[PDB]
Each structure stands twice: as C-alpha cells, then as structure tokens.
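The structure appears right after this line, and notes come after that.
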Amino acid sequence: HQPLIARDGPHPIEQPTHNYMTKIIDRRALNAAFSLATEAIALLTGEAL
Amino acid sequence: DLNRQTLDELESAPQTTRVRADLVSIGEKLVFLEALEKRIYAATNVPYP
C-alpha cells in the first residue's frame with residue numbers, strides 16, 4: 001500500500017495506488033553418500049561369525 | 001503607555017507534547033535540522049522539491 005500527498009495545479013491529481021504480489025517457491029535438494037564394504041556386511045549380519 | 005499589553009500575550013499557553021527531532025546549535029541560536037525524504041516522499045512518485 002502506498003500513501004499520498006496533495007498537490008496543486010498545474011500538476012496532475014493522483015489517486016491512491018495499490019500493489020499486489022505473489023512469489024513462487026523455488027525447490028532445491030541435497031545429496032550425501034555412505035559407501036560400505038562387502039566383507040563388512042557379513043560382520044554386521046553374522047554370516048562370518 | 002507606549003509599551004502596552006500586547007493582544008497575543010493575553011492568550012493561553014497551549015498544551016504541549018513530546019516530539020523526537022534533531023537539534024543543532026549554530027552561532028547563538030538552536031536549529032531544527034531535518035531531512036525530508038524519509039518521513040515524506042517515501043515511495044510516492046512526487047519529486048523532492
């Protein structure tokens with residue numbers, strides 16, 4: 001919303017202006033890895049106990 | 001008498017409030033120092049005079 005002032009001639013007479021806006025949410029993401037190893041999987045499960 | 005009671009000096013001292021405003025001393029007298037493109041002329045299309 002914009003306010004006003006009051007002018008005198010020979011200037012134009014102004015009106016109360018208004019503005020209306022919407023914005024679009026952009027989307028981004030992340031990435032992160034973990035890599036395990038083969039003969040350590042059996043250690044967690046129990047195949048090589 | 002020459003020095004009369006002046007017509008203005010019979011009036012009442014009006015009611016006073018408090019206003020935040022900048023005050024500068026130059027020479028022997030105080031000055032209201034003020035910039036006017038934030039209180040007025042903020043986001044209204046009128047040229048600063």
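Going by the structure tokens order, chains are called A, B, ..., each with residues numbered from 1, while ligands are numbered from 1 in the order shown.
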
Residues of chain B within 10 Å of chain A, counting only C-alpha atoms, as a PDB file with N, CA, C and O atoms, in the first residue's frame:
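Output below, filename selection.pdb:
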```pdb
ATOM      1  N   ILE B  40       8.461  12.104   4.553  1.00  0.00           N
ATOM      2  CA  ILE B  40       7.629  12.454   3.418  1.00  0.00           C
ATOM      3  C   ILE B  40       8.451  12.054   2.196  1.00  0.00           C
ATOM      4  O   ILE B  40       9.664  11.861   2.297  1.00  0.00           O
ATOM      5  N   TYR B  41       7.762  11.812   1.069  1.00  0.00           N
ATOM      6  CA  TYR B  41       8.311  11.423  -0.234  1.00  0.00           C
ATOM      7  C   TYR B  41       8.893  10.021  -0.238  1.00  0.00           C
ATOM      8  O   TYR B  41       9.711   9.693  -1.102  1.00  0.00           O
ATOM      9  N   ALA B  42       8.488   9.178   0.699  1.00  0.00           N
ATOM     10  CA  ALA B  42       8.917   7.787   0.729  1.00  0.00           C
ATOM     11  C   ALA B  42       7.927   6.966  -0.085  1.00  0.00           C
ATOM     12  O   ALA B  42       6.770   6.809   0.315  1.00  0.00           O
ATOM     13  N   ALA B  43       8.383   6.482  -1.243  1.00  0.00           N
ATOM     14  CA  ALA B  43       7.659   5.575  -2.138  1.00  0.00           C
ATOM     15  C   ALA B  43       6.372   6.176  -2.692  1.00  0.00           C
ATOM     16  O   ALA B  43       5.453   5.442  -3.064  1.00  0.00           O
ATOM     17  N   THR B  44       6.277   7.498  -2.757  1.00  0.00           N
ATOM     18  CA  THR B  44       5.242   8.173  -3.524  1.00  0.00           C
ATOM     19  C   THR B  44       5.929   8.960  -4.624  1.00  0.00           C
ATOM     20  O   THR B  44       6.990   9.548  -4.402  1.00  0.00           O
ATOM     21  N   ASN B  45       5.313   9.005  -5.792  1.00  0.00           N
ATOM     22  CA  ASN B  45       6.013   9.337  -7.038  1.00  0.00           C
ATOM     23  C   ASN B  45       6.318  10.785  -7.209  1.00  0.00           C
ATOM     24  O   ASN B  45       6.648  11.184  -8.325  1.00  0.00           O
ATOM     25  N   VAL B  46       6.245  11.605  -6.174  1.00  0.00           N
ATOM     26  CA  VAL B  46       6.310  13.053  -6.306  1.00  0.00           C
ATOM     27  C   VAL B  46       7.757  13.505  -6.169  1.00  0.00           C
ATOM     28  O   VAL B  46       8.462  13.016  -5.278  1.00  0.00           O
TER      29      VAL B  46
END
```

Residues of range 1-46 of chain B in strand (DSSP E) according to DSSP, as an MDAnalysis selection string? chainID B and resid 23:26 29:32

What gap, in Å, lies between CA of residue 37 in chain B and CA of residue 49 in chain B? 10.0 Å
